[PDB]
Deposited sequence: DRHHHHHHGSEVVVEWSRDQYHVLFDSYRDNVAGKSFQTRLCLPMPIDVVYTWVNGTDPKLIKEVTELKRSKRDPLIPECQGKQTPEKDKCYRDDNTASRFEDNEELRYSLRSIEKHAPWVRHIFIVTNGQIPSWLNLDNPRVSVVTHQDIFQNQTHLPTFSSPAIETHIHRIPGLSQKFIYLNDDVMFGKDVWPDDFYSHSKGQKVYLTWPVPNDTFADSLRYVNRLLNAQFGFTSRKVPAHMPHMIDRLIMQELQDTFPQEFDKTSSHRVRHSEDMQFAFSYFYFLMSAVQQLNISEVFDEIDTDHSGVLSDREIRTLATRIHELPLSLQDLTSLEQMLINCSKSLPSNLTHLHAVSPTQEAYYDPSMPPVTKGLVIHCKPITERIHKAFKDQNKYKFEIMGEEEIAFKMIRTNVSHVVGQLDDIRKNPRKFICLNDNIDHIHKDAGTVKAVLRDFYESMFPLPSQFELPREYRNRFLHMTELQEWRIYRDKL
């Protein structure tokens, strides 16, 4: 049915890969339980040699998974990157979710245990089995309306880039980018889910290998870290492809004969000269070709078909002749310059709802009611709460109420409420499984 249907066109050839969005698409999370005693002691020793808001969990991951089930049902697999911690409610019997530890993705184990989200984020593209294009969600980011892959990518325009107006980390990265790509004024990607291409990310990190190693080596956040989204999206937007002159030729050689006719030459002429095209512009190009055929070796200039030229001195204008004629290829490189290696589409921030949650209750109710009234595709409720403040518990309740109003149905990734995982850490679970199944 569908195999035949996609070949049912004048070309008799399938274009499904261009007519359909790229699949599969996995999701990657990072999650941490700040209440874990092993973490608190290990963090304590490190500092002895980062407030509770960085590691605190308001059940954000639980409800974000509910939002995927409701608003992104097309996701293939969900990877939850942790330091070894396991959420008590996570249903590990569901093959659609798995836990990935820092040990599994970090390259230098000396960087662990870590407590720096930038360091972790340098390695999440290394997850074995990860789809080439995946979407990274912070645990406190979730979907507020139905989303589809074209909210992140299209074949015609590439990845969407959601930029916003603005950090010492940006100065450091801006300096790197200025030196690599020249200067540009750079806005900041929104606090939202980010689609990442594993190959582009690796190409980026191969460009700045020492910097990403440095960022990974920082066990706490640091001013000279490679900002995950900022680094990726500006590498994607700034990577340059060098003009392929042989491909310029094949475009002009519309009968695929290997030789440029007079009418094909005119098109080349119009593309290295300002319009209107003068007779001097045209004859100059012709003279360049004739001078080049004489000067160049006959081996490089290389009759299946017979081309007749207005100028009886014009030799067969072959690809070889054009490739190695510097006067022409210079004007070509001058007339077309700086081709982006990747396509991308700048987006506004209309579909992002980013809220800094503090402890002023009246204000928090107002922020969440704005999302109730005005649904948004991308929601980020960032923790800036002060728990010592008396109104802290009230705020936490208002948040739970908002979350429950949007996503009241438990997901296939939640254990039943009466059950919980026996072990809080992956190493303990690995040991129990081996003891049980032992002979």
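- Stretches of the deposited sequence lacking C-alpha coordinates, numbered from 1: 1-22, 72-95, 213-218, 355-358.
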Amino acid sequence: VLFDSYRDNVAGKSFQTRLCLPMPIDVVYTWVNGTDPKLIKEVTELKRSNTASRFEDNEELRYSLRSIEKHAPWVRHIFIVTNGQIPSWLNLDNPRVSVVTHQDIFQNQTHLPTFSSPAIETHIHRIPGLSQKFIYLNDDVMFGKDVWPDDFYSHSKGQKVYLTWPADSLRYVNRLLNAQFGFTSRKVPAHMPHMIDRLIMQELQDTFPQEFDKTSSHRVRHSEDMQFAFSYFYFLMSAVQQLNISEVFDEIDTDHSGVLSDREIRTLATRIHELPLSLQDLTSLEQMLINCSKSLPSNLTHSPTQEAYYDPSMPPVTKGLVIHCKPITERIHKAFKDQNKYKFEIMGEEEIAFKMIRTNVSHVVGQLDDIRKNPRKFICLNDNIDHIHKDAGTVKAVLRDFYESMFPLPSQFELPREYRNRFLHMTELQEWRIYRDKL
From here on, numbers count along this sequence of modelled residues.
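- The mean Cα B-factor in the deposited entry runs higher for 426-434 than for the other of 426-434 and 14-22.
- Judged by mean Cα B factor in the deposited record, 85-93 ranks above the other of 85-93 and 188-196.
- Across the options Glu349, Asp253, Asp168, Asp150, the residue with the most elevated CA B-factor in the record is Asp168.
- When the Cα B-factors of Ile120, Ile323, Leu137, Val259 are read from the PDB record, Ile323 comes out highest.
- In the PDB entry, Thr51 places in the highest third of its chain by CA B-factor.
- Sort the chain's modelled residues by C-alpha temperature factor and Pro327 lands in the highest third, per the entry.
- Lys145: CA B factor in the lowest third of modelled residues in this chain (values from the PDB entry).
- When the CA B factors of the chain's modelled residues are split into thirds, the value for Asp401 lands in the highest one.
- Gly158 sits in the lowest third of its chain by CA B factor, as recorded in the PDB entry.
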